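Structural overview
Single-letter residue listing:
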Amino acid sequence: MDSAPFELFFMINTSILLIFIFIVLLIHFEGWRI
Amino acid sequence: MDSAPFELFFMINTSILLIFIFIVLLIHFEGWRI
Amino acid sequence: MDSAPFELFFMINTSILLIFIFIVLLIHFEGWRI
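Residues numbered from 1 in each chain as written, not as in the entry; some residues may be left out. Chains lettered and ligands numbered in written order. Heavy atoms only, no water.

Its PDB header attributes the entry to solution NMR.

This entry appears in the Protein Data Bank under the title "Spatial structure of the Toll-like receptor 3 transmembrane domain in the trimeric state".

Focus: the side chain of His 28 of chain A
Stated precisely, the cut-off is as follows: Helix and strand definitions here come from DSSP, where helices need a minimum of 4 consecutive H or I residues and strands a minimum of 2 consecutive E residues; each element is numbered from the N-terminal end. Here a polar contact is taken to be a pair of N or O atoms separated by no more than 3.5 Å, where protein atoms must pair a possible hydrogen donor with a possible acceptor and residues adjacent in sequence count only if both atoms sit in side chains. The criterion used for residue contact is that any of the two residues' heavy atoms lie within 4.5 Å.
As for its placement among the helices and strands, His 28 of chain A is situated in helix α1 (residues 4-31). Among the polar contacts made by the side chain of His 28 of chain A, one reaches the side chain of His 28 of chain C at a distance of 3.1 Å. Those residues in contact with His 28 of chain A that lie beyond four places of it in its chain are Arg 33 of chain A together with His 28 of chain C.

A few points about a nonpolar patch on the surface
Selection criterion: Residues qualify for a patch when their relative accessible area is over 30% and they have no salt bridge, like charges being joined within 9 Å and the nonpolar side chains of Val, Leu, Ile, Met, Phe, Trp and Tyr within 5 Å. All accessible areas in this document rest on Shrake-Rupley with a 1.4 Å probe, and a residue is counted as covered only by the protein chains that are shown. Here, a salt bridge means any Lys or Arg side-chain nitrogen found within 4 Å of an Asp or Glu carboxyl oxygen.
A contiguous nonpolar surface patch, about 830 Å² in accessible area, is contributed by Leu 8, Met 11, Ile 12, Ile 16, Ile 19, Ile 23, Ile 27 and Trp 32 of chain A together with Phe 29 of chain C. Positionally, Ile 23 of chain A belongs in helix α1.

Describing the nonpolar core
Rules: Side-chain atoms within 4.5 Å link the members of a nonpolar core, which is a set of buried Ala, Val, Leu, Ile, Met, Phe, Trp, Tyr and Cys residues. Under the scheme applied here, a residue whose accessible area is under 20% of the maximum for its type counts as buried, over 50% as exposed, and between as partly exposed, the area being computed with a 1.4 Å probe on protein chains only.
In this structure, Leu 17, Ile 21 and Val 24 of chain A, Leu 17, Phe 20, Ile 21 and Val 24 of chain B together with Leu 17, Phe 20 and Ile 21 of chain C together form the largest nonpolar core, which totals 10 residues. Contributions of two or more residues to this core are made by α1 of chain A, α1 (4-31) of chain B together with α1 (4-31) of chain C. Discounting chain neighbours no more than four positions away, the residues touching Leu 17 of chain B are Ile 16 and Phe 20 of chain C.

Digging into the UniProt feature "transmembrane region" in chain A
Under the convention used in this document: UniProt positions are given in the numbering used here, feature names are shortened, and annotations may be inferred rather than shown by experiment.
The UniProt entry lists residues 9-29 of chain A under the feature "transmembrane region", expressed in the numbering used here. Note that residues 9-29 of chain A is 100% helix and 0% strand, and that its end C-alpha atoms are spaced 30 Å apart.

What to know about the interface of chain A and chain B
Convention followed: When two parts are brought into contact, each loses some accessible area as probed by a 1.4 Å sphere; the total of that loss over both is the buried area.
Each partner contributes to the interface: chain A provides eight residues, whereas chain B provides six residues. Of the roughly 750 Å² buried between chain A and chain B, counting both surfaces, carbon and sulfur atoms make up 90%. Ranking the residues of chain A by area buried against chain B places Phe 22, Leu 25 and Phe 29 of chain A at the top, with a combined share of 49%. If you look at where chain A meets chain B, you find zero salt bridges. Inspection of the region where chain A meets chain B yields zero residue pairs in polar contact.

In structure tokens form, the structure reads like this:
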């Protein structure tokens, strides 16, 4: 009945996750299908 | 000889992952692959 | 002056991420670059 601490964890994570997830996807399509 | 606690870990993990993996992928293709 | 608990966090996190990131790249090269 409390998502105070869990929120931050999911927040900070989303950053590093989105960064790698997006970064990888970008390159993969930026010309990584040699 | 007990995978009670280990099960949940693998459950919540695969879930959160599959969510972002699919969700992020959907958007990236829905018009976010700039 | 203690990175005991912080280490695991960075470990489990990097792991799950590296897994999805690598896994994707693997397949793409395993025969998904049609």
